[PDB]
Structure formats: C-alpha cells, structure tokens
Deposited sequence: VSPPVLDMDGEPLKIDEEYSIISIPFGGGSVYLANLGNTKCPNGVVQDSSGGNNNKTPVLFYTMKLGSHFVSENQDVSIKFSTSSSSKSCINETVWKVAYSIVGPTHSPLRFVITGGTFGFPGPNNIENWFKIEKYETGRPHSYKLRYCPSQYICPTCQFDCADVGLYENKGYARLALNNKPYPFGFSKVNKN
C-alpha cells in the first residue's frame, strides 16, 4: 500500500488544489510555464534556475482524495485563448550535438480519463531521498492497464538545458522537488 505524497508542511497532496513545484533542497527555483519560441500559447514546462506557475493534480479515482506515491496522475498548470493549453504531457524532440531523441514535458495534452489514446498525459510521483523531508521525483511510467500493448520506456524526470531554458525532461536523471500549497485554509 502506497502512502500519500506530502507537501512541504507534511500534509497529503489533495487533488484539484494548487501547489507550486519547488526545487529542493540544494538550490534552484520553481517550475513555471514559459513560451519557448513565440508560439501562440506557452507550452514549455521549465524550472527557474534563478517565475512560478502552480499546478493541479488529478487522478479521477473515487475514494482517493490524495495523490499517492506511484499513483498515475494528470497534471495541469493553473490559470483566454490558451485555456486548453495547460495539461502536461510528454513528447519527443531531437536535441543536442548528437541529434538524439529526448522526451520533454510540455503542455498541450487533452485532459481525460486514462487510456491508450492519452498515454502521454500520465505521470507518477515517487519519494526521493535527499536528507530533507518531503522531497520527491517526478517520473514517467504509466500503469500497464492504461495501454496493455505498450512497452513503456520508463524514465525519471530531470532537467535538460535547451532553447534557453531548464526544461523538464525524461533524461532519467531525477531532479528533486517539493510541493508548496498555494492556499492554506
């Protein structure tokens, strides 16, 4: 049984509530939404190395209010033409001097219930030891049932400098984050 992901106050991460994703504990800033190449709507999921755009987590699972470790979760940046351009997903690009494929985290997912049609939407949060409480890593490894014929190339989420930004990327080099609740009530 997997316990809930906890925010930096030690409180379980609740679905559909705003949290900022913060680089901890060794420096760096927040995750935010950036425009990478004068596109109509910004689609870059980036880290401010040293800007903040909170996120909302969704599992659409009756009986589970919280995001648990290793639970499939869909992620949106919080907020007029760009209202449907906030849903996180993963997508291949070709990068670097070796022109090698790398999957970046970007917006432009179509929010939905999990299935073969939207494999790109699904993330996991795992505990990641740093010596500081409440540090985690993001990960791409969707539950097999979401696409039974998929053989996923699972990878932890890290950062890769590209297009002038520290971009969230499936480079399998975990970058530790914590979750800071925006509205404590």
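Counting the deposited sequence from 1, the stretches lacking C-alpha coordinates are 51 to 54, 84 to 87.
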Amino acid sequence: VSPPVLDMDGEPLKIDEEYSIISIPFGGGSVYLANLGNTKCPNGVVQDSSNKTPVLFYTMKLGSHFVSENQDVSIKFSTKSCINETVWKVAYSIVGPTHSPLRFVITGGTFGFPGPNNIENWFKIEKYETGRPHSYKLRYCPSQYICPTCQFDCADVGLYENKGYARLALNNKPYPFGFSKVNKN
From here on, numbers count along this sequence of modelled residues.
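When the C-alpha B-factors of 36 to 44 and 121 to 129 are averaged, 36 to 44 comes out higher. Annotation for 165 to 173 versus 9 to 17: the higher mean temperature factor (C-alpha) is found in 9 to 17. When the C-alpha B-factors of 145, 160, 140, 57 are ranked from the entry, the top spot goes to 145.
The PDB entry assigns residue 49 a C-alpha temperature factor belonging to the highest third of its chain's modelled residues. Per-chain ranking of the deposited C-alpha B factor places residue 154 in the middle third. In this PDB entry, the Cα temperature factor of residue 30 sits in the middle third of its chain's modelled residues.
Sort the modelled residues of the chain by CA B factor and residue 110 lands in the middle third. For residue 73, the recorded CA B-factor ranks within the lowest third of the chain. Only modelled residues enter the ranking.
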